[PDB]
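# Survey of secondary and tertiary structure
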Amino acid sequence: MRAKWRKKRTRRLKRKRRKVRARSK
Amino acid sequence: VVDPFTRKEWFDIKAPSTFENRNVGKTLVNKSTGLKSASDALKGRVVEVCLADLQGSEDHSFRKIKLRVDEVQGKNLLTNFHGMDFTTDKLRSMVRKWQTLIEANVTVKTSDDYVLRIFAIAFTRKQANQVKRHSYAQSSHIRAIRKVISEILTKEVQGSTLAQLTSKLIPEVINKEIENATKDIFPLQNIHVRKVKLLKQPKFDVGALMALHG
Amino acid sequence: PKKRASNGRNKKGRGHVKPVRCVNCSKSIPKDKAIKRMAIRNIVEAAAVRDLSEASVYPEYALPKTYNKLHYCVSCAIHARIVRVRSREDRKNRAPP
Amino acid sequence: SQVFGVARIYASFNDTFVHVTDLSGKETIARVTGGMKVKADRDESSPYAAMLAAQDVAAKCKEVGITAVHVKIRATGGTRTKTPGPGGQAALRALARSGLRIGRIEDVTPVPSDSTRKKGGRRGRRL
Amino acid sequence: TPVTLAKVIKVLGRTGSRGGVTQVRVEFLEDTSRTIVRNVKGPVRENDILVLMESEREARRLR
RNA sequence: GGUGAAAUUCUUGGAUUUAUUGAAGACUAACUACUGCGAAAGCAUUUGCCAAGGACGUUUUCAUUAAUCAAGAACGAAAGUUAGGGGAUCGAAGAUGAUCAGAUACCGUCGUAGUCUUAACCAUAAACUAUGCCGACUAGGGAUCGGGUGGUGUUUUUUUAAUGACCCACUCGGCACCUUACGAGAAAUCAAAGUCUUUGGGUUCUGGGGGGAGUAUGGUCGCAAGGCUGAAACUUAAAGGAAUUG
RNA sequence: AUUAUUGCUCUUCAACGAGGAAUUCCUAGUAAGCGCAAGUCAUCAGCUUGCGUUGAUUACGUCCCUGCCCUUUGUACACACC
Ligand SMILES: [Mg+2]
Ligand SMILES: [Mg+2]
Ligand SMILES: [Mg+2]
Ligand SMILES: [Mg+2]
Ligand SMILES: [Mg+2]
Ligand SMILES: [Mg+2]
Ligand SMILES: [Mg+2]
Ligand SMILES: [Mg+2]
Ligand SMILES: [Mg+2]
Ligand SMILES: [Mg+2]
Ligand SMILES: [Mg+2]
Ligand SMILES: [Mg+2]
Ligand SMILES: [Mg+2]
Ligand SMILES: [Mg+2]
Ligand SMILES: [Mg+2]
Ligand SMILES: [Mg+2]
Ligand SMILES: [Mg+2]
Ligand SMILES: [Mg+2]
Ligand SMILES: [Mg+2]
Ligand SMILES: [Zn+2]
């Protein structure tokens, strides 16, 4: 896939792990 | 089931003084009826006629004039000055590449206190022997030219209203005094007053208006 | 690799020009990369000119052309206007006709 | 010699407007367009239609009282095409050939000291 | 009705996308000293005579 | 009206077209160029004010005060964020008309945020010449921008000048192009990407097969979006560059 | 020889009144019309391969349609756009 959408893919992904991890802070 | 054509009052338009044919054209109105009339309602329109149609001579093909109607007298409605334009084609044909264009303008008053903003444009010409293919001036050049043009324009206006200014523009003396004070800075070609618009006229004064009429 | 020294087109000593809008598809394109034509043409045409003067007051009149600049966008410039696509060497040639 | 009015032709694409008015503009005299003289949407601009509208316009022109006319031809303009539509040329010829007079004709398409964002977005109208 | 005879003085070539049409320069006989270029429909060589049904109007290209 | 063609849409509410006139906000057309300026982002209407700058001129002045730079800091397109204003236009989102097998799109319509401005954030772009800076040397040509020098050059008339604009020669410093190649390179190409195995003028920075991955983790900055710093396990024989023929 | 090989004779006497959208072939002893011999073949030509007989109209051009070829150009294809 186009680099930039992949960069967008993983931005999304980090915000998700960033979320799930806060459930346990 | 009407056809306003079998109902419309008809008319003819007369130019003012300092031109050629005062006879200008024709118009349609609406019978001066009790409640809404051919008089007060309109008449006071405007007409754009190329002064070459209005002076005859063709060394005047461009340059359009606004004639506004102010007063009326039975199948005979007069007009006064309302502005001047150029033609789009002439202008579009002075703006060649490889040369500097220069414009300047000022808002300024007359005697019969019309208030107007007049325009001015000129282009750097090649020196008749010059080898380099463009010829531009030097901003410092440009700045000075506009200040002198601006100087000359503020001078020439506040003559006897548009009337004499009108009389001033038609033989284009303005265009030449410019070139004269200018040629000591930088060449230049064309050089016209291009445009002049009216934005604040005084008060009717049926007298002075009638002074261009006979 | 690199395919031109003018890169896209004509910009050395600046950094940023200013976009124009393509006359055909409205695509923004930098002014120096533009690709331009002066559309100068008579108001009338090949046929109407005789019929013009004929049904006119004035001796032959004067006649005024229309002068307007065109800004195309490469894609629009290629798809019809000035384009061909030139061989490796012909591309170098900046002469017009 | 004649009685003068104003012709004023707006010729965009997809239709061509012809309509004559009093030399002042305030009071008009007959209109009719190219969309009027054919039914097909697609064929609204074409010279064939403008000719027909030039014909109708000429008729009422010298059926009311105007013998002659100056024309002010005009494209869309503004932040649009800036170039003359097809059926303004036809209309012109087909209103001189009609048997009317012609005197001094300039272009009046609105041209800005450019601006207001053009439509169609930066990537262009793409297809 | 006026007739108007013009003798083909030169063959210029073919136009018309099909290519059936032939450009040609003719010369009138009834008062020469004036030439016009016409578009013919049939086969043509030098020195043939076209009956120009009307006399003053020439074409150029053909699509 | 709009399109390849259509339709959604607007039309006794006289639409669209015309006329005179007014308001609002944005923008700076044509002139505009292988042209200018700035550290870079960037900068194009006029005039006034405010401070700034390079180049040039220089038998002025100081006299090594300099070059390059981890840390640290100023500025930093667009979008985006906070709080006001503004909100013409265009217009992520959304809703629609069509198209299509489908069509969350391309095309058309409505149009929210936004687009502009103030005060504060943000710190990223293919932020590009994909080419660090300072210094030296090495080869030809015609244009052009700025500055200066030289001329019983041209043109402007007045009474010759003085001016100005122009022409020729030269010279600094610019933005570029042309031709060559002694020379360089994997080539494309390159007055540097040259003066390199005959390998050293000074200095800063970065890379060390491809993925995994700019991911995980810690730190830090941010209101947020996110920025900076930045791994491994494991997997893999190629990924890749330039050019040639199909 | 029935589902009738072919041939003859009388009788029966259909559609078809020049053919929509479309589409084939052709430039001179050619097109078209006309028959013949040969192949096949015990018997069966409405088919073919050739042959001669009668003998035109209209082009002698072009790139519009369609098909192909050539340059240029792009490619991450080379098992080569299946
Ligand atoms: Mg919880
Ligand atoms: Mg390659
Ligand atoms: Mg490529
Ligand atoms: Mg940039
Ligand atoms: Mg396309
Ligand atoms: Mg401007
Ligand atoms: Mg640092
Ligand atoms: Mg520290
Ligand atoms: Mg808004
Ligand atoms: Mg949507
Ligand atoms: Mg849908
Ligand atoms: Mg959606
Ligand atoms: Mg970066
Ligand atoms: Mg770049
Ligand atoms: Mg050199
Ligand atoms: Mg000198
Ligand atoms: Mg290749
Ligand atoms: Mg046989
Ligand atoms: Mg067989
Ligand atoms: Zn385009």
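The rules we used
Residues numbered from 1 in each chain as written, not as in the entry; some residues may be left out. Chains lettered and ligands numbered in written order. Part of a larger assembly, values for the part shown. Heavy atoms only, no water. Residues with missing side-chain atoms left out of burial classes, pairs and counts. Helix = DSSP H or I, 4+ residues; strand = E, 2+ residues; numbered from the N terminus. Buried < 20%, exposed > 50% of the residue type's maximum accessible area, 1.4 Å probe, protein only. Contact = heavy atoms within 4.5 Å. Areas by Shrake-Rupley, 256 points an atom, 1.4 Å probe, with all protein chains shown as cover. Rg over C-alpha atoms; globule rule 2.2 N^0.38 Å. Pairing = 2+ DSSP bridges. Axes fitted to C-alpha atoms, helices over the stretch in contact; angles between N-to-C directions. Buried area = accessible area lost by both parts, 1.4 Å probe. Salt bridge = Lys/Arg side-chain N within 4 Å of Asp/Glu carboxyl O. Polar contact = N/O pair within 3.5 Å; in protein donor to acceptor, adjacent residues only side chain to side chain. Nonpolar A, V, L, I, M, F, W, Y, C, P; charged D, E, K, R; others polar. Near = heavy atom within 4 Å. Core = buried A, V, L, I, M, F, W, Y, C linked by side-chain atoms within 4.5 Å. Parallel < 35°, antiparallel > 145°, perpendicular 65-115°, else oblique. Left-handed = near helix turned anticlockwise from the far one by under 90°.

Time to look at the overall build of chain B. Helix and strand counts for chain B stand at six helices and 11 strands. Considering only C-alpha atoms, chain B reaches an extent of 70 × 40 × 25 Å along its principal axes. Out of the 214 residues in chain B, the part that is buried amounts to 42%. Partitioning the contacts of chain B with sequence separation of at least 6, the portion at a separation of at least 24 is 57%. Here chain B has roughly 11700 Å² of accessible surface; of this, 52% comes from carbon and sulfur atoms.

Scanning chain E for helices and strands turns up zero helices and four strands. Its helices and strands in sequence order give chain E the pattern β-β-β-β, from N to C terminus. For a compact globule of 63 residues, the expected C-alpha radius of gyration is about 11 Å, and chain E comes in at 11 Å, within 12% of that figure. In terms of overall dimensions, chain E has C-alpha extents of about 35 × 25 × 15 Å along its principal axes. Burial status across chain E gives 27% buried among its 63 residues. Pairs at least 24 apart in sequence give 38% of the contacts found in chain E among residues at least 6 apart. Per element, the accessible surface of chain E, about 4800 Å² overall, is 51% carbon and sulfur.

Our focus in this paragraph is unusual backbone geometry. With phi around 30°, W98(B) is a residue other than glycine that occupies positive phi space. Accessibility expressed as a relative area gives 36% for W98(B), which makes it partly exposed. Phi at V85(C) takes a positive value of approximately 100°, unusual for a residue other than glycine. Within the secondary structure layout, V85(C) lies in the segment after α2 (75–79).

Residue-level contacts link 19 residues of chain B with 17 residues of chain D. Within the residue set of the side of chain B that touches chain D, elements represented by two or more residues are β2 (23–28), β3 (46–50), α1 (51–55) and α2 (88–92) of chain B. Here the element with the most residues in the side of chain B that touches chain D is β3(B); it accounts for four residues.

Within the element layout of this structure, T21(D) appears in strand β4 (residues 20–22). Apart from residues no more than four positions distant in its own chain, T21(D) is found in contact with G5(D), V6(D), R8(D), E27(D), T28(D) and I29(D).

A separate point is the sheet that holds strand β8 (residues 115–118) of chain B. Residue and element names in this part refer to chain B. Strand order in this open sheet of six strands is β3-β4-β5-β11-β8-β7, and the pairing throughout is antiparallel. Looking along the sheet, the strands with just one partner apiece sit at the ends: β3 and β7 (106–109). The average angle at which neighbouring strand axes cross in this sheet is 30°, direction not considered. Both β7 and β8 contribute to a ladder of four bridges, which runs antiparallel. Note on β8: the bridge partner recorded for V108 is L116.

Here we take up the interface of chain D and chain C. Buried accessible area, meaning the area lost when the parts come together, often serves as the stated size of an interface. Counting residues at the interface gives 26 residues for chain D, matched by 25 residues for chain C. Summing both sides of the interface, chain D and chain C together bury roughly 2200 Å²; the carbon and sulfur share of this comes to 50%. At the junction of chain D and chain C, the tally comes to two salt bridges. Two residues, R93(D) and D51(C), come together in a salt bridge whose shortest N-O distance is 3.4 Å. Run the count over chain D and chain C and you get 13 residue pairs in polar contact. Listed by contribution, the elements that provide at least two residues to the side of chain D that touches chain C are α2 (89–96) and β8 (101–102) of chain D. Partitioned by chemical class, the residues of the side of chain D that touches chain C number seven nonpolar, seven polar and 12 charged.

A separate point is the protein's contact with RNA strand G. Residues in close proximity to RNA strand G include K3(C), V85(C), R86(C), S87(C), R88(C), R91(C), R14(E), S17(E), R18(E), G19(E) and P43(E), which together make up its full environment. Backbone atoms, meaning sugar and phosphate, form 83% of the atoms of RNA strand G found within 4 Å of the protein. Contacts to RNA strand G include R88(C), whose backbone N or O atom sits 3.0 Å from a phosphate oxygen. The backbone of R18(E) places a nitrogen or oxygen atom 2.9 Å from a sugar or linking oxygen of RNA strand G. For the surface near RNA strand G, a count of residues per class yields two nonpolar, three polar and six charged.

A word on the nonpolar core. Residues and elements named next belong to chain B. If you look at the biggest cluster of nonpolar residues, it comprises 37 residues, and the most contacted ones within it are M84, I118, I149 and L153. The element that contributes the greatest number of residues to this core is helix α3 (residues 140–156), accounting for five residues. When near neighbours in sequence (up to four residues on either side) are disregarded, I149 contacts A104, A120 and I178.

Residues and elements named next belong to chain B. Examined against the element boundaries, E156 turns out to sit in helix α3. Residue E156 is classed as buried on the basis of its relative accessible area of 16%. Apart from residues lying up to four places away in sequence, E156 is in contact with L165, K168, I174 and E177.

Residues and elements named next belong to chain B. The contact between α3 and helix α5 (residues 173–182) brings their axes to 10 Å, and the two run at 140°. In this view, α3 runs oblique relative to α5, as classed from their interaxial angle. The crossing of α3 and α5 is right-handed. Every residue of α5 that contacts α3 at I145, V148, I149, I152, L153, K155 and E156 is listed here: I174, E177, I178, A181 and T182.

Another point: the protein's contact with RNA strand F. Around RNA strand F sit 76 residues in total, of which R11(A), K14(A), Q99(B), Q138(B) and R8(D) are the nearest. Among the atoms of RNA strand F lying within 4 Å of the protein, the sugar-phosphate backbone contributes 76%. Side-chain polar atom of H141(B) to a phosphate oxygen of RNA strand F: 2.8 Å apart, as the coordinates give it. For the surface near RNA strand F, the secondary-structure elements that each account for two or more residues are α1 (3–22) of chain A, β6 (101–103) and α3 of chain B, β3 (36–42) of chain C together with β3 (15–18) of chain D. Broken down by element, the surface near RNA strand F gets its largest block of residues, seven residues, from α1(A). Taken together, the residues of the surface near RNA strand F break down into 15 nonpolar, 22 polar and 39 charged.

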